[PDB]
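Below: one structure, written as structure tokens.
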Amino acid sequence: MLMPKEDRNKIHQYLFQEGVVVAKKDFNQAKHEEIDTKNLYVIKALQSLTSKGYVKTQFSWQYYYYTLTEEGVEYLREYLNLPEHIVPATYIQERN
Amino acid sequence: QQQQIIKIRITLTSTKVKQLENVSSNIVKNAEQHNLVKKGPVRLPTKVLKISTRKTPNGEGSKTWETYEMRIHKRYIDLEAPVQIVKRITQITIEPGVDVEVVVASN
Amino acid sequence: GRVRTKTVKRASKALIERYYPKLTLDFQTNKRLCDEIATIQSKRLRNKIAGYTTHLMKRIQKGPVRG
Amino acid sequence: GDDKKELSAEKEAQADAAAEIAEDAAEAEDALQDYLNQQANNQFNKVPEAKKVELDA
Amino acid sequence: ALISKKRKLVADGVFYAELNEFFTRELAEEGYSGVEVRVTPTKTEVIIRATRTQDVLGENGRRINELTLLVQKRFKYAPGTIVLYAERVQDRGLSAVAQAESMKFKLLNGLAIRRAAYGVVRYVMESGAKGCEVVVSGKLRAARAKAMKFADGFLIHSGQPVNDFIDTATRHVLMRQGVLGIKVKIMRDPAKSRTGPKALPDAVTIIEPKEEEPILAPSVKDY
RNA sequence: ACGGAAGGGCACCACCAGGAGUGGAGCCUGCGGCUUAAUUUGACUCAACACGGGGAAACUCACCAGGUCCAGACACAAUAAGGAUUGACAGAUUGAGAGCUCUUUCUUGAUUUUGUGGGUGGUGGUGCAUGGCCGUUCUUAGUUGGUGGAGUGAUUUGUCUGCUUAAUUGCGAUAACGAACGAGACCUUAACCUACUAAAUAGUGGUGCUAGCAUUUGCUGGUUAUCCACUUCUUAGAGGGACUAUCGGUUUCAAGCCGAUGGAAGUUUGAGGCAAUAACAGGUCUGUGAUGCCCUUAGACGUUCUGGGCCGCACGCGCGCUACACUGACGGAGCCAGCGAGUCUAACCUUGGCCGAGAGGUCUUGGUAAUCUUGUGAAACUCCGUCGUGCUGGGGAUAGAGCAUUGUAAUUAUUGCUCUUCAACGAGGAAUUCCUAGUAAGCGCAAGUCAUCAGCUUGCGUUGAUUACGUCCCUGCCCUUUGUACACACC
Ligand SMILES: [Mg+2]
Ligand SMILES: [Mg+2]
Ligand SMILES: [Mg+2]
Ligand SMILES: [Mg+2]
Ligand SMILES: [Mg+2]
Ligand SMILES: [Mg+2]
Ligand SMILES: [Mg+2]
Ligand SMILES: [Mg+2]
Ligand SMILES: [Mg+2]
Ligand SMILES: [Mg+2]
Ligand SMILES: [Mg+2]
Ligand SMILES: [Mg+2]
Ligand SMILES: [Mg+2]
Ligand SMILES: [Mg+2]
Ligand SMILES: [Mg+2]
Ligand SMILES: [Mg+2]
Ligand SMILES: [Mg+2]
Ligand SMILES: [Mg+2]
Ligand SMILES: [Mg+2]
Ligand SMILES: [Mg+2]
Ligand SMILES: [Mg+2]
Ligand SMILES: [Mg+2]
Ligand SMILES: [Mg+2]
Ligand SMILES: [Mg+2]
Ligand SMILES: [Mg+2]
Ligand SMILES: [Mg+2]
Ligand SMILES: [Mg+2]
């Protein structure tokens, strides 16, 4: 989609560190819970990220449940130029 | 050394009477079994949430009406106890289905 | 109509069949009898059964009944 | 499926549950990359990575 | 916070309704079934009753950590105020939902229709069921609609024991042609009812008398 | 399976016996039809027509007049840092403070543009491609299997003349015996507990504190804690109770049925929930991010914004509301329910105090609730008056002028109040609906919908009948008997 690169970073970053993203089906939000971009920006971003593999999308009761895949793990590994063995939601928390 | 009489009120609400009463009966026998001082389970009117629909998703047919309901049963019991047993009484007696709520005080 | 279903009748056969010593022209005791002697899931079905075993015992008294 | 080939359906079905029981019985006993996400941006937070100057006329 | 009690329990219900949906959508290829929700002091404890738990846990625990994050980020819990747990269902041969999901996966895997459905029954019955039943409505291979009954064993259909004793499920399974509806019906043996009535109300059992050796003119025993 | 053959049955979506009506009138409301820029559309015997929860001012929205945007994933290719592309102030322009477009000339920086491919949305078509759901048959009583009997076999007997029941409910007959699904059992609700466990979120008696009237003690109140006791009423856990009991008529003295006594209760205890096999080209793609295939996809059938329309009016149809008055209208005055609902990251249910003729305004206030609204002091109703049979003060359509509330908006008048205007309708032709006891009928209320709007619906309680307690005449269906050249089954 058409959107400024800064806002792409905000999403790509947040997805990487969290490994998961959510979003109510409601374009016209202009700012969604957490991530500081337009909601429409969020949804279509991943919708691309998904339609080129990388991440999976689910729906149910109006809320787009975004699961990042291993193949997309390597891809955000690229975007954010961060090293192999970087991160994602793949740490066993504390002793949790 | 600690302890102080607190004048307490535990309010039990749920839609599963058997467990609800299982937890309610549990509270009173257990706590009186070690001598407190109380008002026994107070049953406020079981209240009945009706929902009244047409069966048809569409429009046509004998206009058959259907009415679902959900029964909310609510108890409460007042206890005078030390600080210890209260917390001992709230953390346990737990039950998936019964809404335990522990209030306090004289206002 | 107050026609008794097959279960009620069938079970009233069986009872008189195997418990004529004990049982009586009295419902009430036959009712209590049915408890300590058989297993019926609902209070209703039980007196349904006792009431009709009590019928049959009361007319067996004045000549047999087929069954 | 026609009632003609009926038998071999039921049998293929039977033997299907033979496999369904097999796996359901052999599943009754059968047989770290850190740095973190916010701790690698805080670790690479030793700066020297920008520039700033303007404002005139 | 501070919500009405009426609206609270109604609300509580919907929360479960959404949860059971979302999981049913996500954990199909893991034999998902129900979700026992359990709120505590400290936590809310969702317990996922699948069949293939290792395929829910994932690499040293990764996928449940996703699903929590999911269910967290949406229902706005604070991190670690809500927890998830896998829980292999006690014998799937009596959980309609698991059996439906099968026929879906069966049919969807080019399985002969009478084969899938018949075997599905032959596995439920073999899982010690009192009776079972599979409707396949829809349309296959040819244009017209058709449906089939597939049933072995003993069922009941009316009144309250329904509630107690029969599991029902429907699942739309969607193929290259259209969509056909799977409906599964299992009858559990009332004997093992555990927490409930232990028979059909239908049932009347007579305790079986005793050979009596009568006679014996009086006499007494002293102690 | 079907008949425009025969014999049986069942039922207030059938009659009988009656009640209350509709059909006539004014308006409310749907449907047709006409009109229209558009008047979005499904559905047309029971089983379409106050139905799509369909009460549309925007939205809803699908229709009509026009104006924006891509939210056109992804792949390849093209353009292209000498800038692929993005935005706009003013002006013009436009319904519009849309940079839509244009002038003019900055900005932006690889996000897009362009092309093909591939997608994508759509209340676009297809319910005669499907799921699912629902309606109907069905206010019905039917379906099946073991062992035995018959048959080469499909099959049949069981599953039947009769009687009985609401019921393939039973008795009885009996080449059948003995069982299961469905009916019944079950479940929910309304009735009965001075027995059981309790209650300042329910209530009683005593006592204090106290008011009024009598005074001889008495009587009617006040006082969310001044204390004591109780659990009849209220609430809800647990049990109990009923099984058509007892007695008696009656019938194959069988199932049953009828009467009397008793009983809270004796019509399946009243009322529901649930409900087998099967059938339909019943309805629903306009509930669904359920869905096949077709269609469409940047001058869009996507979406959104501005305005109109769904309410348009010679007329045909259906559900309704209100009446034609004296068992009434009006005015005082008495004064009595039950099912409900109600405000968090909010403006819901609202007491009381003023102001106002009213509608309403305003200041506070209790309530996330058996705790506050609310004893919901509801309406018919009861009483004491006024009017006197006159379209009358019955009736209140239509209409003028005014004041308010909801809402961004009220014109085609959202609704509310005041004055005025005061129509038809004097009991409704042929037709036709519903109904058997706390029922019918009259009467309000709460909930749905809902910013505002009920003449609708779903439940509720209040007042409370006349007539059946029969039948097969009308109609509908069910069952045997029978014919079949039907089996895609008389479409
Ligand atoms: Mg039943
Ligand atoms: Mg008549
Ligand atoms: Mg008449
Ligand atoms: Mg519009
Ligand atoms: Mg293209
Ligand atoms: Mg159809
Ligand atoms: Mg259909
Ligand atoms: Mg059509
Ligand atoms: Mg009737
Ligand atoms: Mg033979
Ligand atoms: Mg026959
Ligand atoms: Mg049954
Ligand atoms: Mg009492
Ligand atoms: Mg009497
Ligand atoms: Mg059709
Ligand atoms: Mg549909
Ligand atoms: Mg659609
Ligand atoms: Mg309309
Ligand atoms: Mg109608
Ligand atoms: Mg008048
Ligand atoms: Mg009056
Ligand atoms: Mg004034
Ligand atoms: Mg307050
Ligand atoms: Mg007049
Ligand atoms: Mg209302
Ligand atoms: Mg309506
Ligand atoms: Mg023939």
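Numbers in chain B come straight from Swiss-Prot, and the residues shown are 15-121, in order.
The way this entry was determined, per its header, is X-ray crystallography, 3.2 Å.
Using N, Cα and C of the backbone, Cβ positions are placed for all residues, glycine too.
Listed in Swiss-Prot for this protein:
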type	residues	note
CROSSLNK	B:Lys21	ubiquitin cross-link
CROSSLNK	B:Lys32	ubiquitin cross-link
CROSSLNK	B:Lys101	ubiquitin cross-link
Euclidean distance between Cα atoms of B:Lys32 (ubiquitin cross-link) and B:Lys21 (ubiquitin cross-link), Å: 27
Rounded distance in angstrom between the Cα atoms of B:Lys32 (ubiquitin cross-link) and B:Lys101 (ubiquitin cross-link): 24
DSSP state at B:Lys21 (ubiquitin cross-link), helix/strand/coil: coil
Packing count at B:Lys21 (ubiquitin cross-link) (other Cβ atoms within 10 Å of its Cβ): 12
Mapped DSSP class for B:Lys101 (ubiquitin cross-link), helix or strand or coil: helix
Which listed residue (B:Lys32, B:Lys101) has most other Cβ within 10 Å, given these are recorded sites: B:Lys101
